[PDB]
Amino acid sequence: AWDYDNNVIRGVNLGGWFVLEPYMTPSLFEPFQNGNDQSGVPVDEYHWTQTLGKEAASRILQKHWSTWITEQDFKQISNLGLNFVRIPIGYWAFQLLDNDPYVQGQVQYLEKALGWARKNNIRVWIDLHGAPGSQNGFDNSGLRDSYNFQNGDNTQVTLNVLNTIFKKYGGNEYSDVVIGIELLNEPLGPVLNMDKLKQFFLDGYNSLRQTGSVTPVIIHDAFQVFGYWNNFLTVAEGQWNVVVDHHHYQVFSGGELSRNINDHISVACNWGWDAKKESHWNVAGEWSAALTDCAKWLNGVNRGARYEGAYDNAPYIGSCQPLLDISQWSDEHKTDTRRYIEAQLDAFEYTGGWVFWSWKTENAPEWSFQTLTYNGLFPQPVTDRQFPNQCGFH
């Protein structure tokens, strides 16, 4: 359904749909705010569903699930020149642990989305974005500040959920739409046992193939250096149809944020040069236009921004207020952003392609493909260049 050697992935993530992220849909979290006090806002989906109870959580999510992404967005994605979508989903859509507060029902919408993808000639990756116990402690895993994916039976339950995803979506029914099943989004390499993580990856790889599936297995890089996975899941060991997913951003640390625009572009070009050297097919599964960490709650509910020196002990760079609204952006920030997007697009098209995070946000412009495209900051057509050849690839 896809030629990783010849075609280039040009997609967007359908984030904030099946896994709630506070910075993407702040209106679902804001009702819990007491005036200016943010101490009572649930910090993740786990706490959001627990605080609401099953009845209200199901009513609010059914409304979110049915309106956040619909068939019209798939038509729009296709009309903009995109050929792929990445769909994050948490383990709770398939199985609940005893005492889990999550509600189900996401599957019905996942299946509707696969038919919309088919109708619009869009290919997809199904991404297991959150595992039981949390694989990274991020709010996008469903459970913030916990790192227990490798404790107790959490790894085995993840494998059972993947077996379900393998039997339903890795067979012949969706062979023309599904071009990858991503085993686990962002396992936080530095706090996990890497040997157990590789064993988990190998177990998922073997389990999928054992079902008769030929679907590409996508492994996230677990924040390891470029080339680290060169010797794992290789054709020399009879392991094939494997893709490495790299996520790239330059706003999650004081050092990265302080770079001038030329240095940000140099780093983006370098991502293109180093990925070219890897031996596995690779795709930049997540990246954005963000040059700051100013979007409200991007670092998590009740956490400020490093950009204005209000978090993770970073120095003050500038005020975030003026960057919250794209209509207030200075002419220089608009040019810097377009330059940054074009450098990234060239670097990722140098290898397997790219998937922007994300299609839409309620009001965070740096993270919304729709908003940037409508304001002329994201090239349209996507091959358009106002700043051609900033990297000099050969």
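We number the residues from 1 along the sequence you see.
Chemist: Comparing 309-317 with 181-189, where is the mean C-alpha B-factor higher?
Modeler: The recorded data point to 309-317.
Chemist: Read off the CA B-factors in the entry, average them over 19-27 and over 5-13, and name the higher stretch.
Modeler: Going by the record's values, the stretch with the higher mean is 5-13.
Chemist: Using the entry's values, work out which of 361, 344, 327, 67 has the largest Cα B factor.
Modeler: In the PDB entry, the greatest C-alpha B-factor among 361, 344, 327, 67 is found at 327.
Chemist: From the list 247, 119, 280, 129, select the residue with the highest C-alpha B factor recorded in the entry.
Modeler: That would be 119.
Chemist: Can you work out whether the C-alpha temperature factor of residue 41 puts it in the lowest, middle or highest third of the chain?
Modeler: As the PDB entry reports it, the C-alpha B-factor of residue 41 lands in the highest third of its chain.
Chemist: Using the B-factor values recorded in the entry, state whether the Cα atom of residue 137 falls in the lowest, middle or highest third among the modelled residues of its chain.
Modeler: For residue 137, whose C-alpha B-factor we compare with every modelled residue in the chain, the answer is the lowest third.
Chemist: For the chain shown, is the CA B-factor of residue 52 in the lowest, middle or highest third of its modelled residues?
Modeler: For residue 52, the deposited C-alpha B-factor lands in the highest third.
Chemist: Ordered by C-alpha B-factor within the chain, which third holds residue 229? Give me lowest, middle or highest, please.
Modeler: Residue 229: CA B-factor falls in the middle third of its chain.
Chemist: Going by the CA temperature factor in the PDB record, which third of the chain does residue 237 belong to: lowest, middle or highest?
Modeler: Highest third.
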